[PDB]
Amino acid sequence: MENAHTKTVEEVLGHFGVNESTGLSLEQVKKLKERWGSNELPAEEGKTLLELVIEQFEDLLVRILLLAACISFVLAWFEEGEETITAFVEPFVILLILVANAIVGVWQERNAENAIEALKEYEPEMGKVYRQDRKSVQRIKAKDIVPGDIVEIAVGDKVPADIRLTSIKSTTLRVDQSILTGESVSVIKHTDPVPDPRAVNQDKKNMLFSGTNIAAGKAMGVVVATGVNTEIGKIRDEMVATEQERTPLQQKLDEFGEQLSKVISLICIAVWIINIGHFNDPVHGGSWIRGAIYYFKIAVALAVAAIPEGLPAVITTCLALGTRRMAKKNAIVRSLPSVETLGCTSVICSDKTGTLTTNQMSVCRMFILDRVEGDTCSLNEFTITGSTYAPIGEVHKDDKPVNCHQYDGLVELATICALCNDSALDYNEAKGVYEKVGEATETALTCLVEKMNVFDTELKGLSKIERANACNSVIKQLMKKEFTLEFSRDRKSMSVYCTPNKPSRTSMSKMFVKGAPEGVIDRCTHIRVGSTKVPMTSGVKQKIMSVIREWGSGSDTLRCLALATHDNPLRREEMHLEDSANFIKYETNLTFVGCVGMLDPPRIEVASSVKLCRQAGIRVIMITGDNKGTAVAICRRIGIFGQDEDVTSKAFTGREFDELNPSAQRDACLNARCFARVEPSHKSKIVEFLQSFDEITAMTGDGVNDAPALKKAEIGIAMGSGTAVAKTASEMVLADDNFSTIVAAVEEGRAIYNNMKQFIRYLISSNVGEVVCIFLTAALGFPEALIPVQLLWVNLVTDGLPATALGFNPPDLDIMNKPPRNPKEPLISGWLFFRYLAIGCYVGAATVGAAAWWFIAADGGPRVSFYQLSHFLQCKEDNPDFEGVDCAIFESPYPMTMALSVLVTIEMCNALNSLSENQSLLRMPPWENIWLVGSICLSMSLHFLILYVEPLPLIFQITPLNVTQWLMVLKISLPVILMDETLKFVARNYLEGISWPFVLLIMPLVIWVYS
Ligand SMILES: Nc1ncnc2c1ncn2[C@@H]1O[C@H](COP(=O)(O)OP(=O)(O)CP(=O)(O)O)[C@@H](O)[C@H]1O
Ligand SMILES: [Ca+2]
Ligand SMILES: [Ca+2]
Ligand SMILES: [Mg+2]
């Protein structure tokens, strides 16, 4: 079987020796599985470790340091260069910081990839098949499907294998196959053979390919290819992927990175220009060229020192951390910008059924008409025991056991619930529970028919499997279902044409209708009392709707459904089923039978999630196709409204929203928290209206009525147990259906943005101090305190791992007590630019003051004055102003070490000021981020290493400091912490000591340092 689309259905069935009615036997599957194997594709890993490394060297800020490493290599090669790496220390330390941040970026991306693919195996994909071990459809694993068995598929499902369509149960089968073909519309399928053997997948209108979704209808067919033999499996190698655009935060940070490179370019040019004067100094041999080459390395080293080279690496590190942290909460994040866009979300539109409620329906109430008087009636209300899908329950008229065979209305009520069903009941022998095959609303009616034996059937010897659809089978053997008018949401009902099998021509044919109570009763012209039908009046209709409204707004919030039948339907040839608009024309002149009410409990974690979302400024709107009274009752249960809150202008229906002027539709979206009776087309209109106010919307849903809205919101979250159509149109999947995970994704996207601002605050406020040091020294006339190899060392130990460790920062304590952030506001605030300059002005002054301290105030050094230090270039033996002072002392490596030690130490303290934007170090101690503490101890260890290991001080042109000089380094470096604690204090108390173990740890050191 290689060209199945060209063969007749009978020929494809005869090929495998399979009957469509029963299915594939057990021993046949064992033979086929031994020959064809598991219905699964080989595990594909995302990216190669090499190509994952090349991705780290893509941004502009990283390419600048690659260019500077080349310039530093060529200049080192034109000079002496007769020696090993000790003469190439400048290019070596530029590449250490590049490969260090590249390792952390690759290591964090590999961890996020492993976490996501380990979540794909959370629940195995299932598939409905017909096999000879059960007379009904059974839910089996998708990987257990063999070529040949009969597979049943309904709307919203995912095609599990290549299938040749055998019969279309509905009127029209629409399939969404954009993943394989590329066309962006539903395809109409049929069951007739196409003649072309070389037909393209577009012309194969009788085949269904794996990985595609059924957009509308119900059908079944024969599997013809599994595993790698499928169309989507044969092209798994030809998987060229479209360019996924970078996150909107990455677009803000690349624009910032490009603007920062322009400021750095002007600064390093100014450094080379303000030093035009002393190019002919005797230190350069009086050569203008060798003096210009030297101050060219000053400008290149200052470019590397000031450029945030770890910025592209820390962006992808925080994003990969957010993807890994969500996978540990069972949340498959497909689109990368989704988790950081969720931090900016302001509205969370949510489906009610299946999404805000555990989709575990069970019919617990139903009523039929007992007797009807003049313009009024009396009901026969019942209650049903059982809340699961198990067919073990009992009907109670008035808290009394009753047999439903007595009531002719209950017999007709169960006939509609059995024949107007596309779902069934399946027993899971592995889990010992009855599962649903189809939708929860229709399965609740299947379980109901089993509990009420309207036709008394002995249930003694029947197994747990045969007990699932025992009472449904005896009803389906009576009436033959001719065709089905599938359920459409513009009509909110579903019809089924049946003819009784026994040929007595008693009630030759009938249509059994079920749907929304208000819409089906509006089309019923009569009512059924027992076995007699009576013309319906307005007083009877008013009482029937009163009980439905009482059930919805009741204590248990019953989801209601009206059941009706049509006594005189048209013939099949008279009905034109070429469209769904004509379906409502046939569902007229019905006779009302009864209503069923099923309970759908809200999820336990929804009430607390709404409480935390409102605390963070996020609004939760319920967009449901269900009744308005039921939706409002769920809202009061899950906390959207209060138990006594007035919801007059906060709860709308589909038509009520349509018949509103733009003035009220403006005031609705900002105030309405519940939308009921809305079609899938209206859900997109609600979401696009909220986006018209520039609000980030996070739509959550599970069904096919949510896919148009899931594609419209900025973020689309799908439930793990929902349909595959909703999961395809979504950027996030709650694999475990945990609604609290959505509130955790919001906090993660807020933490991602916070860890960027702490990164930007650390590198700018620190590298400005490295720029101030070089300009302040040139303005005072002092000897320059840093050579190009010392600027490249302070870049390595301060811009490397200590800066990347800001991405592992803990969340703030008020991270979720703040309103959502506008994604269009500027990246850096004006108040933040002040904090960057205030810290940068101290870092530079402290570094120049450290070298001025040694020349002027230190004991081991000389005692020159401020004048002899600002005019050190004119120091000669013949100078009376310079007496007793050596001119060689101005080339001492002691003040250069004092500046290099203060610069490294003051930036390690500045990184401790970056665990939070406004929280003090007393509230959030440094051990909250153990990655930052370890990175600071590693940077201070490498600094002590180049000071005291035997050959290194000569390489970097420094000198080992003693305890007295190291105490002065700490004396000047520590006040950078007190300065940020003061700026953090003003931000808390004017712009917007808990850890006592930490106070007892630093105070003894503060006393020792300051004596
Ligand atoms: N198989 C079915 N047959 C007949 N009527 C159905 C039906 N499934 C749902 N309905 C009815 O159609 C009405 C509206 O259709 P819709 O599919 O949008 O509701 P819903 O169950 O999806 C609530 P939500 O949108 O929150 O998931 C429902 O209230 C229901 O009474
Ligand atoms: Ca740098
Ligand atoms: Ca730095
Ligand atoms: Mg839903």
Side-chain angles (χ1 to χ4, degrees), residues 76 79-80 83 85-90 92-93 275 278 281-285 290-291 294-295 297-298 301-302 305 769-770 773-774 776-778 780-798 844 846-864 868-870 872-873 875 882 884-907 939-973:
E79 307 175 30
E80 296 292 329
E83 188 65 28
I85 187 171
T86 190
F88 295 89
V89 177
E90 296 185 15
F92 172 58
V93 300
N275 295 132
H278 47 276
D281 272 7
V283 69
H284 313 301
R290 283 190 285 118
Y294 174 80
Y295 284 97
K297 290 178 288 189
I298 297 295
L302 192 52
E770 311 167 3
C773 178
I774 299 192
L776 188 53
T777 308
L780 296 169
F782 291 174
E784 65 182 2
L786 292 175
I787 54 178
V789 79
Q790 296 169 7
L791 278 156
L792 292 178
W793 176 261
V794 69
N795 167 72
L796 175 71
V797 292
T798 71
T847 306
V848 181
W853 165 83
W854 184 88
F855 277 120
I856 301 178
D859 292 318
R863 318 295 304 218
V864 305
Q868 299 182 190
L869 191 54
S870 53
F872 78 109
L873 278 175
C875 182
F882 298 81
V885 173
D886 202 338
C887 65
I889 206 64
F890 291 113
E891 291 86 4
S892 173
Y894 272 95
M896 313 180 61
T897 316
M898 291 303 301
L900 185 59
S901 284
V902 159
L903 207 46
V904 168
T905 307
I906 209 179
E907 272 173 84
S939 296
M940 294 306 300
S941 305
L942 293 179
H943 190 54
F944 271 74
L945 201 143
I946 67 152
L947 288 172
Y948 303 105
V949 172
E950 299 86 3
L952 283 171
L954 187 62
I955 297 176
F956 291 88
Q957 302 191 15
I958 47 186
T959 299
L961 306 169
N962 55 13
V963 181
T964 300
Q965 288 146 358
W966 258 118
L967 275 181
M968 197 60 194
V969 167
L970 284 179
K971 274 173 177 288
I972 312 176
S973 302

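The analysis underlying the following values was restricted to heavy atoms, covering all of them including side chains, and did not include hydrogens, waters or symmetry mates. Residue numbers count from 1 along this sequence.
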Looking only at non-hydrogen atoms, find the nearest pair between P895 and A851 and report the distance. O-CB, 3.6 Å

Side-chain heavy-atom pair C875, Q868 within 4.5 angstrom cut-off: no

Does any non-hydrogen side-chain atom of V969 lie less than 4.5 Å from one of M898? yes

4.5 Å side-chain heavy-atom contact, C887 and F882: no

For the OG1 atom of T959 and the OH atom of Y948, what is their distance to the nearest 0.5 Å? 10.5 Å

Please report the shortest heavy-atom distance between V848 and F782, naming the atom on each side. CG1-CD1, 4.1 Å

Output the distance between atom OG (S973) and atom CH2 (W966), rounded to the nearest 0.5 Å. 8.0 Å

Intermediate values then yes/no, side chain to side chain contact (heavy atoms under 4.5 Å, CB included), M940 and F944: CA-CA 6 Å; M940 294 306 300; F944 271 74; 4.3 Å; yes

Assess the pair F855 and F890: is the distance between their ring centroids shorter than 6.0 Å? yes

Which atoms form the tightest heavy-atom contact between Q790 and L900, and what is the distance? O-CD1, 3.5 Å

Is there a side chain to side chain contact (heavy atoms under 4.5 Å, CB included) between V794 and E907? Walk through the geometry before answering. CA-CA 9 Å; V794 69; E907 272 173 84; 3.6 Å; yes

Considering all heavy atoms, the nearest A899-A785 contact: CB-CB, 3.6 Å

Is the shortest side-chain heavy-atom distance between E891 and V283 below 4.5 Å? no

side-chain contact (heavy atoms from CB on, under 4.5 Å), paired with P783, selected from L873, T777, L869, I889: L869

When you check the gap from the basic side-chain N to the acidic O, do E79 and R290 get nearer than 4.0 Å? no

Working to the nearest 0.5 Å, report the span between CG of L792 and CG of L796. 9.0 Å

Shortest non-hydrogen contact from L791 to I298? CD1-O, 4.4 Å

Spacing of CG belonging to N795 relative to CD belonging to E770, to within rounding of 0.5 Å: 7.0 Å

Step through the shown structure and confirm whether more than 12 heavy atoms of other residues, nucleotides or ligands are within 6.0 Å of CZ on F872. yes

Gap between atom CG of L952 and atom OG1 of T86 - 0.5 Å precision: 8.0 Å

Taking the side chain as every heavy atom from C-beta outward, state whether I906 and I972 have any pair of such atoms under 4.5 Å apart. no

Residues at least two apart in sequence or cross-chain that pass side-chain contact (heavy atoms from CB on, under 4.5 Å) with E784, listed by chain then number, are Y294, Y295

Give the minimum heavy-atom separation between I856 and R863, together with the two atoms involved. O-NE, 3.6 Å

In the structure I gave you, are the side-chain heavy atoms of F956 and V89 within less than 4.5 Å of one another anywhere? yes

How about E83 and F88: do any of their side-chain heavy atoms sit closer than 4.5 Å? no

Please report the C-alpha distance between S901 and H943 in whole Å, then the side-chain angles of each, then the deciding distance to 0.1 Å, and finally whether the side chain to side chain contact (heavy atoms under 4.5 Å, CB included) criterion is met. CA-CA 8 Å; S901 284; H943 190 54; 3.1 Å; yes

Heavy-atom distance under 4.5 Å between the side chains of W853 and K971, does that happen here? no

For the atom pair CH2 (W793) and CD1 (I955), what is the distance rounded to the nearest 0.5 Å? 10.5 Å

Atom CG of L780 with >12 non-hydrogen neighbours under 6.0 angstrom: yes

